Number of protein chains: 2
Amino acid sequence: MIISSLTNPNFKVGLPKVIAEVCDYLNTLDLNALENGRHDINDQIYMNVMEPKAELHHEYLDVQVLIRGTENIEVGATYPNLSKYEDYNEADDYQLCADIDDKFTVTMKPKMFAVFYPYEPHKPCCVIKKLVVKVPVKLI
Amino acid sequence: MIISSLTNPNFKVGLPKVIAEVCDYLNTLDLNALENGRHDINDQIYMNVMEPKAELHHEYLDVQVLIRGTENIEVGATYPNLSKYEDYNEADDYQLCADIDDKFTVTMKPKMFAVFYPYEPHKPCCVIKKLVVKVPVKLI
Ligand SMILES: [Hg+2]
Ligand SMILES: [Hg+2]
Ligand SMILES: [Hg+2]
Ligand SMILES: [Hg+2]
Ligand SMILES: [Hg+2]
Ligand SMILES: [Hg+2]
């Protein structure tokens, strides 16, 4: 997983070019003015902007970007025990499970971003605006 | 920041080679078996294996691994404000401060690895056997 800030001079270090090309372009947008909903980007990457169990993916990574508020995401980094997982919904790429093993809590502040690769589980629940960029693993 | 698990089949996906080269080298060893102390890996890269204020670095990234026990590391993904930091030590690449802004706590269990690039404040608070690999950012 990767957790950094759009605001930090060097956030680009170590990133996969594609997630990098895109944090460049978010830095272009007036993130605050973005309309909640799904915004397309290229032909493969889209965006969902949102304003108010754990989840994981097979096909896409998430780049999460808090834009306003403060948010605690639950996150695991050990590969999940799949056998305990609800099943996969081939339509929205996901499986759910009540729990995360080896769990820790990342608190996001405006600027923070978080990339969870497929199977890295997470759980935006709690304690706002943000967006979540869908990037197909293949592109990395 | 990178948080990930030297233990899930997709770990290398997204990892800078240099760092992959190292997870390799590591995954090819007896880490319980490791002599505490500085082990040199090549001419540029060296590791500290260890059996136990915030630190930041300019020149070298930490690959940290927990080999056993459980370890809690407070961690900053936003740019430190460097006026508070204490004062660079060039010989051991570090600057301290008692605090971290926008702190979070990552919990290390064995098989788990955190890459911290320069200016990422970190505090192995530890609520144990570990290693920290030093790798020069020139190389990512
Ligand atoms: Hg991005
Ligand atoms: Hg997700
Ligand atoms: Hg669960
Ligand atoms: Hg590793
Ligand atoms: Hg360090
Ligand atoms: Hg400080």
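The residue of the stretch B:94-140 that is nearest to ligand 2 (Cβ to nearest atom), among those that are of a type in the set (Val, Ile, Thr) and more than 8 Å from chain A (Cβ to nearest Cβ), is B:100. The conditions of being in a loop (DSSP other than H, G, I, E, B), surrounded by fewer than 21 Cβ atoms within 10 Å (Cβ to Cβ) and within 16 Å of ligand 6 (Cβ to nearest atom) are not met by residue B:92. Of all residues in the stretch B:1-55, those satisfying the criterion of being in a loop (DSSP other than H, G, I, E, B) and of a type in the set (D, E, K, R) are B:12, B:30, B:35, B:43, B:51, B:53.
Taking the criterion of being under 15 Å from residue A:132 (Cα atoms) and touching a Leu at 6+ places or on another chain (Cβ under 7 Å), the residues of the stretch A:51-96 that qualify are A:55, A:65, A:67, A:94. Would it be correct to say that residue B:81 is more than 16 Å from ligand 2 (Cβ to nearest atom), surrounded by fewer than 18 Cβ atoms within 10 Å (Cβ to Cβ) and within 11 Å of another protein chain (Cβ to nearest Cβ)? No: the conditions fail for residue B:81. Tell me, which residue of the stretch B:66-78 that is within 10 Å of another protein chain (Cβ to nearest Cβ) and outside any loop (DSSP other than H, G, I, E, B) is surrounded by the fewest Cβ atoms within 10 Å (Cβ to Cβ)? If we take residues in the stretch B:66-78 being within 10 Å of another protein chain (Cβ to nearest Cβ) and outside any loop (DSSP other than H, G, I, E, B), then B:72 is surrounded by the fewest Cβ atoms within 10 Å (Cβ to Cβ). Candidates A:113, A:104: the one that is among the hydrophobic types (A, V, I, L, M, F, W, C) and away from ligand 1 (no atom under 16 Å from the Cβ) is A:104.
Every number here is computed from the coordinates shown, using simple stated rules; none is lab data. Counting neighbours? That spans all protein chains shown, and the Cβs are built from the backbone with ideal geometry, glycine included.
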